Every structure is written in structure tokens, then in C-alpha cells.
>>> print(open('structure-v6.pdb').read())   # PDB, C-alpha atoms
MODEL        1
ATOM      1  CA  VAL A   1      29.718  -7.473  17.449  1.00  0.00           C
ATOM      2  CA  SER A   2      29.142  -8.318  21.092  1.00  0.00           C
ATOM      3  CA  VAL A   3      25.486  -8.820  21.806  1.00  0.00           C
ATOM      4  CA  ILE A   4      25.714 -11.286  18.894  1.00  0.00           C
ATOM      5  CA  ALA A   5      27.341 -14.662  19.534  1.00  0.00           C
ATOM      6  CA  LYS A   6      28.944 -17.071  17.046  1.00  0.00           C
ATOM      7  CA  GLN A   7      25.973 -19.327  17.457  1.00  0.00           C
ATOM      8  CA  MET A   8      22.455 -17.852  17.707  1.00  0.00           C
ATOM      9  CA  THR A   9      18.887 -19.106  17.499  1.00  0.00           C
ATOM     10  CA  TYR A  10      15.670 -17.347  16.510  1.00  0.00           C
ATOM     11  CA  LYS A  11      11.902 -17.335  16.774  1.00  0.00           C
ATOM     12  CA  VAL A  12       9.792 -15.993  13.901  1.00  0.00           C
ATOM     13  CA  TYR A  13       6.095 -15.199  14.069  1.00  0.00           C
ATOM     14  CA  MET A  14       4.433 -14.589  10.749  1.00  0.00           C
ATOM     15  CA  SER A  15       0.885 -13.714   9.968  1.00  0.00           C
ATOM     16  CA  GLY A  16      -0.977 -12.314   7.048  1.00  0.00           C
ATOM     17  CA  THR A  17      -3.417 -12.646   4.174  1.00  0.00           C
ATOM     18  CA  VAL A  18      -2.782 -13.808   0.604  1.00  0.00           C
ATOM     19  CA  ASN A  19      -5.621 -13.309  -1.913  1.00  0.00           C
ATOM     20  CA  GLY A  20      -7.991 -13.128   1.017  1.00  0.00           C
ATOM     21  CA  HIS A  21      -6.656 -16.290   2.734  1.00  0.00           C
ATOM     22  CA  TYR A  22      -5.603 -15.636   6.371  1.00  0.00           C
ATOM     23  CA  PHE A  23      -2.765 -17.658   7.927  1.00  0.00           C
ATOM     24  CA  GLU A  24      -0.168 -17.754  10.658  1.00  0.00           C
ATOM     25  CA  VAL A  25       3.285 -19.309  10.657  1.00  0.00           C
ATOM     26  CA  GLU A  26       5.726 -19.952  13.527  1.00  0.00           C
ATOM     27  CA  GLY A  27       9.400 -20.935  13.183  1.00  0.00           C
ATOM     28  CA  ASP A  28      12.468 -21.921  15.223  1.00  0.00           C
ATOM     29  CA  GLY A  29      15.736 -21.195  13.535  1.00  0.00           C
ATOM     30  CA  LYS A  30      19.439 -21.383  14.261  1.00  0.00           C
ATOM     31  CA  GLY A  31      22.646 -20.338  12.573  1.00  0.00           C
ATOM     32  CA  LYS A  32      26.077 -18.817  12.617  1.00  0.00           C
ATOM     33  CA  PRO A  33      25.658 -15.083  12.196  1.00  0.00           C
ATOM     34  CA  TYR A  34      29.355 -14.392  11.345  1.00  0.00           C
ATOM     35  CA  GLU A  35      29.351 -17.212   8.776  1.00  0.00           C
ATOM     36  CA  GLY A  36      26.067 -16.301   7.009  1.00  0.00           C
ATOM     37  CA  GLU A  37      24.566 -19.750   7.486  1.00  0.00           C
ATOM     38  CA  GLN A  38      21.037 -20.188   8.793  1.00  0.00           C
ATOM     39  CA  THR A  39      18.382 -22.873   9.010  1.00  0.00           C
ATOM     40  CA  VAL A  40      14.737 -22.552  10.243  1.00  0.00           C
ATOM     41  CA  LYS A  41      11.901 -25.066  10.870  1.00  0.00           C
ATOM     42  CA  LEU A  42       8.380 -23.786  10.224  1.00  0.00           C
ATOM     43  CA  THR A  43       4.879 -24.738  11.201  1.00  0.00           C
ATOM     44  CA  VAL A  44       1.663 -23.355   9.652  1.00  0.00           C
ATOM     45  CA  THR A  45      -0.200 -22.629  12.924  1.00  0.00           C
ATOM     46  CA  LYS A  46      -3.458 -21.173  11.512  1.00  0.00           C
ATOM     47  CA  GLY A  47      -5.114 -21.335   8.064  1.00  0.00           C
ATOM     48  CA  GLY A  48      -3.326 -24.417   6.705  1.00  0.00           C
ATOM     49  CA  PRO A  49      -2.914 -26.026   4.295  1.00  0.00           C
ATOM     50  CA  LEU A  50      -2.137 -22.773   2.480  1.00  0.00           C
ATOM     51  CA  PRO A  51      -3.938 -22.478  -0.942  1.00  0.00           C
ATOM     52  CA  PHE A  52      -0.886 -20.644  -2.302  1.00  0.00           C
ATOM     53  CA  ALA A  53       2.797 -21.350  -3.132  1.00  0.00           C
ATOM     54  CA  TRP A  54       4.997 -21.647   0.003  1.00  0.00           C
ATOM     55  CA  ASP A  55       7.755 -19.812  -1.842  1.00  0.00           C
ATOM     56  CA  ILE A  56       6.229 -16.373  -1.560  1.00  0.00           C
ATOM     57  CA  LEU A  57       6.642 -16.749   2.221  1.00  0.00           C
ATOM     58  CA  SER A  58      10.154 -18.150   2.324  1.00  0.00           C
ATOM     59  CA  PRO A  59      12.091 -14.899   1.939  1.00  0.00           C
ATOM     60  CA  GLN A  60      10.239 -13.155   4.815  1.00  0.00           C
ATOM     61  CA  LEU A  61      11.300 -15.870   7.181  1.00  0.00           C
ATOM     62  CA  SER A  65      16.570 -13.199   9.006  1.00  0.00           C
ATOM     63  CA  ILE A  66      19.202 -10.599   8.185  1.00  0.00           C
ATOM     64  CA  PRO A  67      21.618 -10.620  11.140  1.00  0.00           C
ATOM     65  CA  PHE A  68      22.826 -14.007   9.823  1.00  0.00           C
ATOM     66  CA  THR A  69      24.644 -12.271   6.893  1.00  0.00           C
ATOM     67  CA  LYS A  70      28.428 -12.692   6.654  1.00  0.00           C
ATOM     68  CA  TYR A  71      30.002  -9.253   6.532  1.00  0.00           C
ATOM     69  CA  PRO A  72      33.705  -8.755   5.828  1.00  0.00           C
ATOM     70  CA  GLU A  73      35.500  -6.505   8.389  1.00  0.00           C
ATOM     71  CA  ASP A  74      35.655  -3.480   6.066  1.00  0.00           C
ATOM     72  CA  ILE A  75      31.891  -3.152   5.497  1.00  0.00           C
ATOM     73  CA  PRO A  76      29.920  -1.962   8.579  1.00  0.00           C
ATOM     74  CA  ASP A  77      27.235  -4.509   9.470  1.00  0.00           C
ATOM     75  CA  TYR A  78      24.096  -2.382   9.818  1.00  0.00           C
ATOM     76  CA  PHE A  79      21.956  -5.263  11.064  1.00  0.00           C
ATOM     77  CA  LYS A  80      24.291  -6.672  13.699  1.00  0.00           C
ATOM     78  CA  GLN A  81      25.067  -3.161  14.970  1.00  0.00           C
ATOM     79  CA  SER A  82      21.363  -2.436  15.629  1.00  0.00           C
ATOM     80  CA  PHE A  83      21.220  -4.892  18.513  1.00  0.00           C
ATOM     81  CA  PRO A  84      20.150  -5.327  21.235  1.00  0.00           C
ATOM     82  CA  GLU A  85      17.533  -2.649  20.201  1.00  0.00           C
ATOM     83  CA  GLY A  86      17.001  -4.277  16.785  1.00  0.00           C
ATOM     84  CA  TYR A  87      15.467  -2.979  13.572  1.00  0.00           C
ATOM     85  CA  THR A  88      12.344  -2.964  11.402  1.00  0.00           C
ATOM     86  CA  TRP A  89      11.874  -3.273   7.649  1.00  0.00           C
ATOM     87  CA  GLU A  90       9.240  -2.835   4.941  1.00  0.00           C
ATOM     88  CA  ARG A  91       9.346  -4.832   1.701  1.00  0.00           C
ATOM     89  CA  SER A  92       7.491  -4.777  -1.662  1.00  0.00           C
ATOM     90  CA  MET A  93       7.385  -7.765  -3.968  1.00  0.00           C
ATOM     91  CA  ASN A  94       6.158  -6.809  -7.439  1.00  0.00           C
ATOM     92  CA  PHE A  95       5.627  -9.903  -9.556  1.00  0.00           C
ATOM     93  CA  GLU A  96       5.500 -10.035 -13.354  1.00  0.00           C
ATOM     94  CA  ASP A  97       1.747 -10.900 -13.600  1.00  0.00           C
ATOM     95  CA  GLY A  98       0.756  -7.749 -11.629  1.00  0.00           C
ATOM     96  CA  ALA A  99       0.495  -9.402  -8.181  1.00  0.00           C
ATOM     97  CA  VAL A 100       1.881  -7.308  -5.292  1.00  0.00           C
ATOM     98  CA  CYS A 101       3.017  -8.371  -1.794  1.00  0.00           C
ATOM     99  CA  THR A 102       3.804  -5.982   0.965  1.00  0.00           C
ATOM    100  CA  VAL A 103       5.741  -7.212   3.995  1.00  0.00           C
ATOM    101  CA  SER A 104       6.796  -5.625   7.283  1.00  0.00           C
ATOM    102  CA  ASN A 105       9.037  -6.829  10.058  1.00  0.00           C
ATOM    103  CA  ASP A 106      10.013  -5.867  13.635  1.00  0.00           C
ATOM    104  CA  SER A 107      13.120  -7.559  15.015  1.00  0.00           C
ATOM    105  CA  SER A 108      14.344  -7.803  18.587  1.00  0.00           C
ATOM    106  CA  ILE A 109      16.464 -10.117  20.801  1.00  0.00           C
ATOM    107  CA  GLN A 110      16.133 -12.299  23.901  1.00  0.00           C
ATOM    108  CA  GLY A 111      19.653 -13.325  25.016  1.00  0.00           C
ATOM    109  CA  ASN A 112      21.069 -15.498  22.223  1.00  0.00           C
ATOM    110  CA  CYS A 113      17.741 -15.698  20.364  1.00  0.00           C
ATOM    111  CA  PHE A 114      16.367 -13.182  17.873  1.00  0.00           C
ATOM    112  CA  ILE A 115      12.558 -12.570  17.737  1.00  0.00           C
ATOM    113  CA  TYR A 116      11.027 -11.564  14.389  1.00  0.00           C
ATOM    114  CA  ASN A 117       7.407 -10.404  13.959  1.00  0.00           C
ATOM    115  CA  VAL A 118       6.520 -10.602  10.280  1.00  0.00           C
ATOM    116  CA  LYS A 119       3.362  -9.374   8.547  1.00  0.00           C
ATOM    117  CA  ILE A 120       2.401  -9.996   4.882  1.00  0.00           C
ATOM    118  CA  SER A 121      -0.374  -8.842   2.485  1.00  0.00           C
ATOM    119  CA  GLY A 122      -0.494 -10.487  -0.914  1.00  0.00           C
ATOM    120  CA  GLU A 123      -3.051  -9.268  -3.425  1.00  0.00           C
ATOM    121  CA  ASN A 124      -3.952  -9.902  -7.048  1.00  0.00           C
ATOM    122  CA  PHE A 125      -2.335 -13.221  -7.684  1.00  0.00           C
ATOM    123  CA  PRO A 126      -4.188 -14.546 -10.751  1.00  0.00           C
ATOM    124  CA  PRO A 127      -6.385 -17.457  -9.562  1.00  0.00           C
ATOM    125  CA  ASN A 128      -4.927 -19.675 -12.264  1.00  0.00           C
ATOM    126  CA  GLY A 129      -1.370 -18.242 -11.959  1.00  0.00           C
ATOM    127  CA  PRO A 130       1.601 -20.321 -10.668  1.00  0.00           C
ATOM    128  CA  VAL A 131       1.348 -18.993  -7.063  1.00  0.00           C
ATOM    129  CA  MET A 132      -2.326 -19.834  -6.440  1.00  0.00           C
ATOM    130  CA  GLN A 133      -1.943 -23.072  -8.440  1.00  0.00           C
ATOM    131  CA  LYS A 134       1.250 -24.081  -6.569  1.00  0.00           C
ATOM    132  CA  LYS A 135       3.465 -24.406  -9.663  1.00  0.00           C
ATOM    133  CA  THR A 136       6.572 -22.775  -8.168  1.00  0.00           C
ATOM    134  CA  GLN A 137       9.684 -24.811  -7.281  1.00  0.00           C
ATOM    135  CA  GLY A 138      12.014 -22.463  -5.395  1.00  0.00           C
ATOM    136  CA  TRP A 139      13.879 -19.226  -5.839  1.00  0.00           C
ATOM    137  CA  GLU A 140      17.010 -18.882  -7.945  1.00  0.00           C
ATOM    138  CA  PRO A 141      20.059 -17.513  -6.055  1.00  0.00           C
ATOM    139  CA  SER A 142      20.037 -13.674  -6.097  1.00  0.00           C
ATOM    140  CA  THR A 143      22.108 -10.576  -5.333  1.00  0.00           C
ATOM    141  CA  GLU A 144      20.465  -7.697  -3.448  1.00  0.00           C
ATOM    142  CA  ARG A 145      22.054  -4.274  -3.888  1.00  0.00           C
ATOM    143  CA  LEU A 146      21.966  -1.887  -0.954  1.00  0.00           C
ATOM    144  CA  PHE A 147      22.709   1.760  -0.328  1.00  0.00           C
ATOM    145  CA  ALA A 148      22.345   4.155   2.593  1.00  0.00           C
ATOM    146  CA  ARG A 149      19.725   6.907   2.767  1.00  0.00           C
ATOM    147  CA  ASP A 150      18.951   8.981   5.891  1.00  0.00           C
ATOM    148  CA  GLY A 151      20.360   6.391   8.311  1.00  0.00           C
ATOM    149  CA  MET A 152      18.409   3.528   6.638  1.00  0.00           C
ATOM    150  CA  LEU A 153      19.381   0.907   4.055  1.00  0.00           C
ATOM    151  CA  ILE A 154      17.544   0.617   0.759  1.00  0.00           C
ATOM    152  CA  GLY A 155      17.674  -2.734  -1.009  1.00  0.00           C
ATOM    153  CA  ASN A 156      16.802  -3.834  -4.578  1.00  0.00           C
ATOM    154  CA  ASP A 157      16.743  -7.347  -5.916  1.00  0.00           C
ATOM    155  CA  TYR A 158      15.409  -8.911  -9.155  1.00  0.00           C
ATOM    156  CA  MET A 159      14.334 -12.399  -8.191  1.00  0.00           C
ATOM    157  CA  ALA A 160      13.061 -15.465 -10.025  1.00  0.00           C
ATOM    158  CA  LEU A 161      10.899 -18.369  -8.986  1.00  0.00           C
ATOM    159  CA  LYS A 162      11.443 -21.687 -10.797  1.00  0.00           C
ATOM    160  CA  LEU A 163       8.290 -23.085 -12.438  1.00  0.00           C
ATOM    161  CA  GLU A 164       7.002 -26.614 -13.077  1.00  0.00           C
ATOM    162  CA  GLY A 165       7.974 -27.675 -16.607  1.00  0.00           C
ATOM    163  CA  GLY A 166      10.730 -25.041 -16.902  1.00  0.00           C
ATOM    164  CA  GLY A 167      10.969 -21.277 -17.043  1.00  0.00           C
ATOM    165  CA  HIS A 168      10.698 -18.704 -14.276  1.00  0.00           C
ATOM    166  CA  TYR A 169       8.331 -16.267 -12.711  1.00  0.00           C
ATOM    167  CA  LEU A 170      10.016 -12.891 -12.168  1.00  0.00           C
ATOM    168  CA  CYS A 171       9.710 -10.535  -9.187  1.00  0.00           C
ATOM    169  CA  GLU A 172      11.115  -7.197  -8.132  1.00  0.00           C
ATOM    170  CA  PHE A 173      11.959  -6.830  -4.384  1.00  0.00           C
ATOM    171  CA  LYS A 174      12.264  -3.432  -2.886  1.00  0.00           C
ATOM    172  CA  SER A 175      13.246  -3.235   0.812  1.00  0.00           C
ATOM    173  CA  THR A 176      13.832  -0.407   3.328  1.00  0.00           C
ATOM    174  CA  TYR A 177      15.722  -1.428   6.508  1.00  0.00           C
ATOM    175  CA  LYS A 178      15.543   0.843   9.584  1.00  0.00           C
ATOM    176  CA  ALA A 179      17.647   0.327  12.740  1.00  0.00           C
ATOM    177  CA  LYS A 180      16.047   1.376  16.020  1.00  0.00           C
ATOM    178  CA  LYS A 181      19.101   3.468  16.887  1.00  0.00           C
ATOM    179  CA  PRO A 182      21.906   5.254  14.945  1.00  0.00           C
ATOM    180  CA  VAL A 183      24.683   2.918  13.726  1.00  0.00           C
ATOM    181  CA  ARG A 184      27.907   3.249  11.684  1.00  0.00           C
ATOM    182  CA  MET A 185      26.641   3.391   8.086  1.00  0.00           C
ATOM    183  CA  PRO A 186      28.153   1.292   5.316  1.00  0.00           C
ATOM    184  CA  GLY A 187      28.456   2.385   1.744  1.00  0.00           C
ATOM    185  CA  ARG A 188      26.965   0.757  -1.341  1.00  0.00           C
ATOM    186  CA  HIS A 189      27.331  -3.005  -1.174  1.00  0.00           C
ATOM    187  CA  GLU A 190      25.494  -6.160  -2.062  1.00  0.00           C
ATOM    188  CA  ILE A 191      24.461  -9.469  -0.549  1.00  0.00           C
ATOM    189  CA  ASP A 192      24.578 -12.781  -2.431  1.00  0.00           C
ATOM    190  CA  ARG A 193      22.092 -15.390  -1.210  1.00  0.00           C
ATOM    191  CA  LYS A 194      20.774 -18.783  -1.819  1.00  0.00           C
ATOM    192  CA  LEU A 195      17.566 -19.892  -0.171  1.00  0.00           C
ATOM    193  CA  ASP A 196      16.355 -23.452  -0.358  1.00  0.00           C
ATOM    194  CA  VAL A 197      13.469 -25.431   1.140  1.00  0.00           C
ATOM    195  CA  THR A 198      15.391 -28.454   2.379  1.00  0.00           C
ATOM    196  CA  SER A 199      12.403 -30.415   3.725  1.00  0.00           C
ATOM    197  CA  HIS A 200       8.562 -30.275   3.688  1.00  0.00           C
ATOM    198  CA  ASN A 201       5.523 -32.375   4.345  1.00  0.00           C
ATOM    199  CA  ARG A 202       2.924 -33.141   1.666  1.00  0.00           C
ATOM    200  CA  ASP A 203       0.707 -30.104   2.212  1.00  0.00           C
ATOM    201  CA  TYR A 204       3.545 -27.724   3.260  1.00  0.00           C
ATOM    202  CA  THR A 205       2.225 -27.276   6.846  1.00  0.00           C
ATOM    203  CA  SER A 206       5.691 -28.280   8.101  1.00  0.00           C
ATOM    204  CA  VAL A 207       8.595 -26.775   6.192  1.00  0.00           C
ATOM    205  CA  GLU A 208      12.385 -26.559   6.675  1.00  0.00           C
ATOM    206  CA  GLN A 209      14.501 -23.893   5.001  1.00  0.00           C
ATOM    207  CA  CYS A 210      18.172 -23.001   4.821  1.00  0.00           C
ATOM    208  CA  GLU A 211      19.831 -19.801   3.666  1.00  0.00           C
ATOM    209  CA  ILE A 212      23.346 -18.617   2.976  1.00  0.00           C
ATOM    210  CA  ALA A 213      23.892 -14.850   2.762  1.00  0.00           C
ATOM    211  CA  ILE A 214      27.157 -13.156   1.959  1.00  0.00           C
ATOM    212  CA  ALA A 215      27.809  -9.377   1.891  1.00  0.00           C
ATOM    213  CA  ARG A 216      30.481  -8.004  -0.488  1.00  0.00           C
ATOM    214  CA  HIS A 217      31.598  -4.800  -2.210  1.00  0.00           C
ATOM    215  CA  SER A 218      29.556  -3.665  -5.189  1.00  0.00           C
ATOM    216  CA  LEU A 219      31.255  -2.915  -8.456  1.00  0.00           C
TER     217      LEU A 219
ENDMDL
END
>>> encode(input="structure-v6.pdb", output="C-alpha cells")
Amino acid sequence: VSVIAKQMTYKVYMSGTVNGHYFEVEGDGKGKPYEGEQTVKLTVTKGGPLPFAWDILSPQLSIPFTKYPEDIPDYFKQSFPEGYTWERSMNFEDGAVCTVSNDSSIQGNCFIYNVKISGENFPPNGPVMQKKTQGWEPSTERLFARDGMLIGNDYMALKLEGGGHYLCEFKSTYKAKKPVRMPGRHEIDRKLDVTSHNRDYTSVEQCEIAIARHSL
């Protein structure tokens, strides 16, 4: 898909506010876009240490690195070099809500992501503000096309200290900056893991695998 090489890097800039706490994050990532493998190294650049669970941030930190089979049009890769934007809602089980937006573009063999996040109404003694989360379970996002955009839906779960999970609904709208060949209904199977962190989570490393496939 041309503008996109077998081996790509990326820069992500993230900023936002969670329960009134302002922060900024910067990351340098790298991966194999046609293999769906990705890794990124993150630094909390303002407002650290964060008084909330790192995990709510991890999934806002790279869709062109999704392995698409030949028979499903790759909406994200096609959008380049112009790029795309998206809006996401995360609706957690205890009433907390996160809204996220992104703008993506490209500089040669390096993507640039500008991510913004607003997280409100996490209970002060809940697992997010008390840092009791221990990573996301693997998940499968289901996507369909509407008016030239992709609409995604994913029921996610955060692992908790001393067992059990904290459940979340993701709803995402992805919008390419120019018309592309539209896929049908499909889904993307992903596993996201923090592979490395320092004590206060001001330096984090993450890896993701993402694999697109037909839906049933």
C-alpha cells in the first residue's frame, strides 16, 4: 500500500485531563504494518506521576499497524499520506466516561499521532484512581462502514488486583481524510500488553498485535 513501508516508525503526542488531572505523554514507536506488530516507548512529559491507572491511556497510544488479509480493504493504510482522524468513547461499568480524539498524519516512514483525552467521573476510590488495574484482556473490535467512515464496537475488560475485571464499552468512529475503497463488516483481534515500566509509570513500554479478519 505504497506510502506505507514494511517497517515504519511513529511519534505520538498525547495530552488531556483525567478527573481534573492534566498531563502530557510523548512516545516513539516502531512496527511492521503488514504484520500487525507494534511496539512504543512512552514518557510522561507533563503532570507525572499520573494519579490514575496507566491502562486507561494504553489503547489511545496506532491503527495502520493492523494486519489486513488481501481480500479486506485496509481503510487505515489507504488513507495515507493524507491520514485520518477518529473519535472514541470509553464507557466503564462504574459510570466513568472517557472521550478520546485523534488526528493522524505521516512524515516519510514515520506516522505522527496527536491524541487528546478527557476522563471524567472515575470514583475516587475506584480501581482506576486507586491504581488497581493490571492490563487489558485481549479483545475483538467489530467494524462496519457508514457514510465513508468506519464504526467500531468493542467490549473490553481490565484485569484487577486480587482477581476479577473491570468492564468497559468502546465505541469508535474512524474518518479518513479522503475517499478510500470501503471494506465490509469485519473485525480486529488484538492483544495489548505493557511490557516494561518504571516504578511510578512515568516511563512505559507497550506492545500490540492487531489482526483483521472476516466477521461471522
>>> resolve_selection(input="structure-v6.pdb", expression="the PyMOL selection byres ((chain A and resi 56-66) around 8)", output="PDB file with C-alpha atoms, in the coordinates of the input")
ATOM      1  CA  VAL A  12       9.792 -15.993  13.901  1.00  0.00           C
ATOM      2  CA  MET A  14       4.433 -14.589  10.749  1.00  0.00           C
ATOM      3  CA  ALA A  53       2.797 -21.350  -3.132  1.00  0.00           C
ATOM      4  CA  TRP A  54       4.997 -21.647   0.003  1.00  0.00           C
ATOM      5  CA  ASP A  55       7.755 -19.812  -1.842  1.00  0.00           C
ATOM      6  CA  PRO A  67      21.618 -10.620  11.140  1.00  0.00           C
ATOM      7  CA  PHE A  68      22.826 -14.007   9.823  1.00  0.00           C
ATOM      8  CA  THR A  69      24.644 -12.271   6.893  1.00  0.00           C
ATOM      9  CA  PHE A  79      21.956  -5.263  11.064  1.00  0.00           C
ATOM     10  CA  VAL A 103       5.741  -7.212   3.995  1.00  0.00           C
ATOM     11  CA  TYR A 116      11.027 -11.564  14.389  1.00  0.00           C
ATOM     12  CA  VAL A 118       6.520 -10.602  10.280  1.00  0.00           C
ATOM     13  CA  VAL A 131       1.348 -18.993  -7.063  1.00  0.00           C
ATOM     14  CA  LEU A 195      17.566 -19.892  -0.171  1.00  0.00           C
ATOM     15  CA  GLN A 209      14.501 -23.893   5.001  1.00  0.00           C
TER      16      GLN A 209
END
>>> closest_residue(input="structure-v6.pdb", among="A:86, A:122, A:49, A:182", to="residue 99 in chain A", atoms="only C-alpha atoms")
A:122
>>> closest_residue(input="structure-v6.pdb", among="A:184, A:70, A:91, A:133", to="residue 163 in chain A", atoms="all atoms listed in the file")
A:133
>>> closest_residue(input="structure-v6.pdb", among="A:110, A:164, A:196, A:128", to="residue 208 in chain A", atoms="only C-alpha atoms")
A:196
>>> closest_residue(input="structure-v6.pdb", among="A:149, A:10, A:98, A:114", to="residue 170 in chain A", atoms="all atoms listed in the file")
A:98
>>> closest_residue(input="structure-v6.pdb", among="A:204, A:177, A:139, A:23", to="residue 106 in chain A", atoms="all atoms listed in the file")
A:177
>>> atom_distance(input="structure-v6.pdb", atom1="CA of residue 219 in chain A", atom2="CA of residue 96 in chain A")
27.2 Å
>>> closest_residue(input="structure-v6.pdb", among="A:102, A:46, A:4, A:194", to="residue 33 in chain A", atoms="only C-alpha atoms")
A:4
>>> resolve_selection(input="structure-v6.pdb", expression="the PyMOL selection byres ((chain A and resi 169) around 9)", output="VMD selection string")
chain A and resid 95 to 97 130 136 159 to 163 167 to 168 170 to 171
>>> resolve_selection(input="structure-v6.pdb", expression="the PyMOL selection byres ((chain A and resi 151) around 10)", output="list in words")
residues 78, 148, 149, 150, 152, 153, 154, 177, 178, 179, 181, 182, 183, 184, 185 and 186 of chain A
>>> write_last_selection(input="structure-v6.pdb", atoms="C-alpha atoms", output="PDB file, keeping the file's coordinate frame")
ATOM      1  CA  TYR A  78      24.096  -2.382   9.818  1.00  0.00           C
ATOM      2  CA  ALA A 148      22.345   4.155   2.593  1.00  0.00           C
ATOM      3  CA  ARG A 149      19.725   6.907   2.767  1.00  0.00           C
ATOM      4  CA  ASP A 150      18.951   8.981   5.891  1.00  0.00           C
ATOM      5  CA  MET A 152      18.409   3.528   6.638  1.00  0.00           C
ATOM      6  CA  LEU A 153      19.381   0.907   4.055  1.00  0.00           C
ATOM      7  CA  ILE A 154      17.544   0.617   0.759  1.00  0.00           C
ATOM      8  CA  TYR A 177      15.722  -1.428   6.508  1.00  0.00           C
ATOM      9  CA  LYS A 178      15.543   0.843   9.584  1.00  0.00           C
ATOM     10  CA  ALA A 179      17.647   0.327  12.740  1.00  0.00           C
ATOM     11  CA  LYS A 181      19.101   3.468  16.887  1.00  0.00           C
ATOM     12  CA  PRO A 182      21.906   5.254  14.945  1.00  0.00           C
ATOM     13  CA  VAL A 183      24.683   2.918  13.726  1.00  0.00           C
ATOM     14  CA  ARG A 184      27.907   3.249  11.684  1.00  0.00           C
ATOM     15  CA  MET A 185      26.641   3.391   8.086  1.00  0.00           C
ATOM     16  CA  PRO A 186      28.153   1.292   5.316  1.00  0.00           C
TER      17      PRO A 186
END
>>> atom_distance(input="structure-v6.pdb", atom1="CA of residue 44 in chain A", atom2="CA of residue 124 in chain A")
22.2 Å
>>> atom_distance(input="structure-v6.pdb", atom1="CA of residue 104 in chain A", atom2="CA of residue 45 in chain A")
19.2 Å
>>> residues_around(input="structure-v6.pdb", residues="residue 26 in chain A", least_positions_apart="5", cutoff="6 Å", atoms="only C-alpha atoms", output="PyMOL selection string")
chain A and resi 12-13+42-43
>>> decode(input="structure-v6.pdb", residues="range 46-58 of chain A", atoms="N, CA, C and O atoms", output="short mmCIF file (atom, residue, chain, number, x, y, z; two decimals), in the first residue's frame")
data_model
loop_
_atom_site.label_atom_id
_atom_site.label_comp_id
_atom_site.auth_asym_id
_atom_site.auth_seq_id
_atom_site.Cartn_x
_atom_site.Cartn_y
_atom_site.Cartn_z
N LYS A 46 4.50 15.85 31.09
CA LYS A 46 3.95 16.86 32.00
C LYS A 46 2.91 16.19 32.91
O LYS A 46 2.20 15.32 32.45
N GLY A 47 2.85 16.59 34.17
CA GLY A 47 1.82 16.10 35.09
C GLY A 47 2.06 14.71 35.67
O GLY A 47 1.13 14.08 36.19
N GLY A 48 3.30 14.23 35.64
CA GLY A 48 3.60 12.93 36.25
C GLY A 48 4.20 13.07 37.65
O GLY A 48 4.70 14.15 38.01
N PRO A 49 4.15 11.98 38.46
CA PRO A 49 3.45 10.71 38.15
C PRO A 49 1.93 10.87 38.05
O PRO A 49 1.33 11.71 38.74
N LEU A 50 1.30 10.11 37.16
CA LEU A 50 -0.14 10.22 36.99
C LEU A 50 -0.77 9.63 38.26
O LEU A 50 -0.26 8.66 38.79
N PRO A 51 -1.82 10.28 38.81
CA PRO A 51 -2.63 9.73 39.93
C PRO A 51 -3.74 8.75 39.53
O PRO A 51 -4.63 8.42 40.35
N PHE A 52 -3.68 8.28 38.28
CA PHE A 52 -4.60 7.30 37.76
C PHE A 52 -3.90 6.12 37.07
O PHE A 52 -2.71 6.17 36.73
N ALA A 53 -4.67 5.05 36.85
CA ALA A 53 -4.19 3.83 36.18
C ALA A 53 -3.65 4.10 34.77
O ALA A 53 -4.37 4.63 33.92
N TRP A 54 -2.41 3.70 34.50
CA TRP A 54 -1.84 3.85 33.14
C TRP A 54 -2.76 3.27 32.04
O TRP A 54 -2.89 3.81 30.94
N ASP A 55 -3.41 2.16 32.36
CA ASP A 55 -4.13 1.36 31.43
C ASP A 55 -5.20 2.09 30.69
O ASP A 55 -5.54 1.68 29.57
N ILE A 56 -5.80 3.12 31.28
CA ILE A 56 -6.82 3.84 30.51
C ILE A 56 -6.22 4.58 29.33
O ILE A 56 -6.91 4.89 28.36
N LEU A 57 -4.92 4.83 29.40
CA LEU A 57 -4.19 5.54 28.32
C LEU A 57 -3.73 4.59 27.24
O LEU A 57 -3.71 4.95 26.05
N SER A 58 -3.39 3.36 27.62
CA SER A 58 -2.68 2.48 26.69
C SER A 58 -3.38 2.30 25.33
O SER A 58 -2.71 2.34 24.32
#
